[PDB]
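Note on naming: letters A, B, ... go to the chains in the order of the sequence lines (proteins, then strands), and numbering restarts at 1 for each one.
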There are 2 protein chains.
Amino acid sequence: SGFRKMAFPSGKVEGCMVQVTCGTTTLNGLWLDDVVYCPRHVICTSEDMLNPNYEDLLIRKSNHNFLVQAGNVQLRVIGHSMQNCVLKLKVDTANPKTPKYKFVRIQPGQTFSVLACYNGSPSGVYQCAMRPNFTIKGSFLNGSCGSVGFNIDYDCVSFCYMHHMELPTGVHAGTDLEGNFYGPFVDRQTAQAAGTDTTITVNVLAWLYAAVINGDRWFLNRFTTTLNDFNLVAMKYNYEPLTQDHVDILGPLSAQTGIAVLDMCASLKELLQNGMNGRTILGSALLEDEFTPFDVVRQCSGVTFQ
Amino acid sequence: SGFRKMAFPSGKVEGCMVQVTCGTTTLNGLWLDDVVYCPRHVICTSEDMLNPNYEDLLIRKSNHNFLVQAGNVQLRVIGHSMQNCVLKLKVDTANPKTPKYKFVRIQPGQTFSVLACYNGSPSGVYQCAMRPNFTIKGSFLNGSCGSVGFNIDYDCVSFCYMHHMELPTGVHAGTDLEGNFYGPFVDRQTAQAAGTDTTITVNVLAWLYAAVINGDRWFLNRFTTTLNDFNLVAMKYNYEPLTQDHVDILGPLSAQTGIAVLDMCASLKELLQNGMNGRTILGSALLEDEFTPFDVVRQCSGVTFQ
Ligand SMILES: O=C(c1cc(=O)[nH]c(=O)[nH]1)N1CCN(c2ccc(C(F)(F)F)c(Cl)c2)CC1
Ligand SMILES: O=C(c1cc(=O)[nH]c(=O)[nH]1)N1CCN(c2ccc(C(F)(F)F)c(Cl)c2)CC1
C-alpha cells in the first residue's frame, strides 16, 4: 500500500553525466558512446545572449575551446557539430558505462524523471510531467543546464528532455535530445512566456483510481455520465477534454477496481462543482495531475527494471 | 509584383524518393546516403491496424521482406531498424544524388513545401502551414504515405515532415524525420480527432503587409493600438495571441512599408469586427494565414537557391 511521487532509479544515467566548460561558462553534458551532448548556448558570452548567431559563434571555436571532465578524467574533444539547439562534442574515448538507450520525444501529459546536476555531478532526482503548455515545473538552480529527463523501459533508458532555461514565471523549458525545443521557445534572452496551462484530465482520473486502490472512497457515487456531458463541464474548469483513447488507457484500472471510467468521471464532475469540502485524497487537498495511468499501474501493481 | 502560393523547387528532393514494398503494401520512402526512411506502418497488415505491436511485427521480418525500387534499380536491403514511428532501411548503395540535408522539427505556424508522391514517383508540389493543432491541410490520395515536407535554406534541404495518415475531418498528420509525431496522434487505426484550430495571427499580419507592398491599401486607417487591446479582440475571434517576438519578426516589413506593426494591428482589428464588406485583399475574400513573414520577404524582396 501507499502512493508516492516515485522517480526511476538514476544509476544508469549518473554515469553519463559530465562537465562541459567553454570559456568562463560551465554546464552539464550527457556522454554516450564517444559523443557529449549539451545545450548550444554554452558557446554564448554576455554580449551574444540577446541575438546569438550560433553558426557564427561555432565557426570561431576550435576543439580546444571545449573542456570536458568526467570526474577527474579530462576527455579530449576531437570534433564538434551542432544539431538544432544541441551541441554534439566528439571525444576520443567512448563511455564504458553507456547503457542501452534511445532518444524519444514525449507528449504533453507524460511523466519522466529528472536527474538534476551541477558541475557534472548528480544532485537529486525527481518526477515531473510535461505540461500541456510544453513547460515543466522543475526545481533548478544556476548551473543546472544540461540536466536530462528520462524514463526506463526494461533495460533501456529513453532520454526525452535536456534542460536549457527558466522562464520568468519560474517554470522550465528545454529540448528533446535531437535539439528540438518543446513548445514555442528559443535559446536567446528575449521576453518569452508560457501559454495557458490546463489540467491533465486522464491523469487526474488515474490518480482517483490509485486512491480507490488505497482505500480512499468517499468521493465515489452511484451516478454515471457520458463523454460529451463530462467534457462540457471539464472545459469550464480548464481541464483537457477526455477522449475514447483515454478511456481505453484507463482500462486496466477500471478492471482492477470494478469501477467504470464514466462512473469515475461522474465523481470527478462532482468534485469539480462542489470542491473537496476540507477532505483529502491520498494526502492531498487538490486534484493531482502528474501521475499517468502507467505510473499508477507501476506503483499499485508492480514493475521493476535492471 | 504579384503574390502567389509559392513552393520551393523540388529537384533536390525528387532524386531521393523511392518505392518501398513490404508484403502487399507499397508506399514511398526517402533515400539519403545508404538509408531509406519510411513510415513503420508499412509492416502492418489488415489484422494489425487496430492494435499493432510494432516490435513484434518487426522481429518477424527479414531484410528480404522489403522490396525497395529507385526507378528501375532495385536496392538491396542489408539491414533494418526502427526509430520511433519511422523505419530505417539500410541499403547496399548510397544515393549519389544525396543533397546536403538536415532533419529539423518545425513549430506551428511555420510553412514548408510538400512533394506529394505515389509509387516512389513525384506527382506535385505545394505549400502548406503546420496548423496550431499540429495537423496540415494537405492534398493526399491513397498511396501518398512517406511523402515528405521540406524547406530549402541556401544549399541545404531541411526535411521537416513525413506523411503517415489522414484524419476523419480530411486533414493530415505525420512525423518529423526522427519518427516523432506532430501532435497527439498515434500510428494505429483508432478514433483520433484533431483539436480546435486557431488562426495564425502573425501570418495574417505578414500577408497584410504583402498586400500593401502590392498596392492593396483600402483596409488601412489612422489609428493605432496596444498588444493587450489587440490580443483582447483577437482571442474573441479564435486568433493566436500576438507577442513582442512577433512584432520584432515583422520588423523588416514595417521598415519597407513605413507602417508600424501596432498600426497594422489596428487595421486587422477593424477587419475582424466589420468584415471585408465584399472587397478582396490580394485576390482573396478571406484573411490568409499560411504565409510567414519570411515567405513574404522571400517573395516581395527576392531570395533564390542552388
Ligand atoms: O543555470 C542557469 C539556470 C537554469 C534554471 O533553470 N534556473 C536558474 O535559476 N538558472 N542559467 C540560466 C539560463 N542561462 C542561459 C544562458 C544563455 C542563454 C542564451 F541562449 F540566450 F544564450 C539562455 Cl536562453 C539561458 C544559463 C544559466
Ligand atoms: O495512402 C493512404 C492515404 C493517405 C492520405 O493522406 N489519404 C488517403 O486517402 N489515403 N492510406 C491511409 C492510411 N494508411 C494507414 C495504414 C496503416 C496504419 C496503421 F498505423 F494503423 F497501421 C495507418 Cl494509421 C494508416 C495507409 C493508406
Side-chain angles (χ1 to χ4, degrees), chain A residues 50-51 55 81-86 88 101-110 130 132-134 153-154 156 158-160 168 175-186 188-196 198 200-202 227 231 235 240-249 251, chain B residues 50-51 55 81-86 88 101-110 130 132-134 153-154 156 158-160 168 175-186 188-196 198 200-202 227 231 235 240-249 251:
Chain A
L50 185 75
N51 244 129
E55 279 84 4
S81 60
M82 191 163 71
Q83 188 186 352
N84 302 307
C85 300
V86 153
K88 297 171 67 180
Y101 70 90
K102 56 189 180 164
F103 292 171
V104 305
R105 187 177 177 92
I106 55 157
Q107 293 290 328
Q110 304 194 292
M130 177 64 67
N133 66 2
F134 290 104
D153 295 71
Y154 308 109
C156 179
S158 297
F159 295 101
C160 59
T175 68
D176 63 29
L177 270 291
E178 315 280 5
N180 302 116
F181 257 100
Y182 290 99
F185 307 114
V186 289
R188 57 193 287 260
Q189 298 223 336
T190 178
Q192 21 187 357
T196 294
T198 51
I200 307 150
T201 308
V202 60
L227 271 184
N231 285 326
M235 295 175 184
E240 293 274 299
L242 204 70
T243 80
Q244 177 62 37
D245 178 52
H246 294 149
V247 174
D248 295 1
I249 291 292
Chain B
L50 185 75
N51 244 129
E55 279 84 4
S81 60
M82 191 163 71
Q83 188 186 352
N84 302 307
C85 300
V86 153
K88 297 171 67 180
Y101 70 90
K102 56 189 180 164
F103 292 171
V104 305
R105 187 177 177 92
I106 55 157
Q107 293 290 328
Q110 304 194 292
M130 177 64 67
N133 66 2
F134 290 104
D153 295 71
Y154 308 109
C156 179
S158 297
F159 295 101
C160 59
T175 68
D176 63 29
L177 270 291
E178 315 280 5
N180 302 116
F181 257 100
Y182 290 99
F185 307 114
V186 289
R188 57 193 287 260
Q189 298 223 336
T190 178
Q192 21 187 357
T196 294
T198 51
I200 307 150
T201 308
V202 60
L227 271 184
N231 285 326
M235 295 175 184
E240 293 274 299
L242 204 70
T243 80
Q244 177 62 37
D245 178 52
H246 294 149
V247 174
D248 295 1
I249 291 292

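Ranked by heavy-atom pairs under 4.5 Å with chain B, the list A/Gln244, A/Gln83, A/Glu178 is led by A/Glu178. The most heavy-atom pairs under 4.5 Å with chain A, out of B/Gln192, B/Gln107, B/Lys102, come from B/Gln107.
Taken to the nearest 0.5 Å, the CG atom of A/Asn231 stands 7.5 Å off from the OG1 atom of A/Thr201. With values rounded to the nearest 0.5 angstrom, B/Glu240 atom CD is found 7.5 Å from B/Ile200 atom CD1. Atoms CG and CG, from B/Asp248 and A/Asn51 in turn, are 8.5 Å apart once rounded to the nearest 0.5 Å.
In this structure, A/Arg105 is positioned above the aromatic face of A/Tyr182, its NZ or CZ under 6.0 Å from the six-membered ring centre and within 45° of the axis.
Neither the backbone nor the side chain of B/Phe185 comes within less than 4.5 Å of any heavy atom in chain A.
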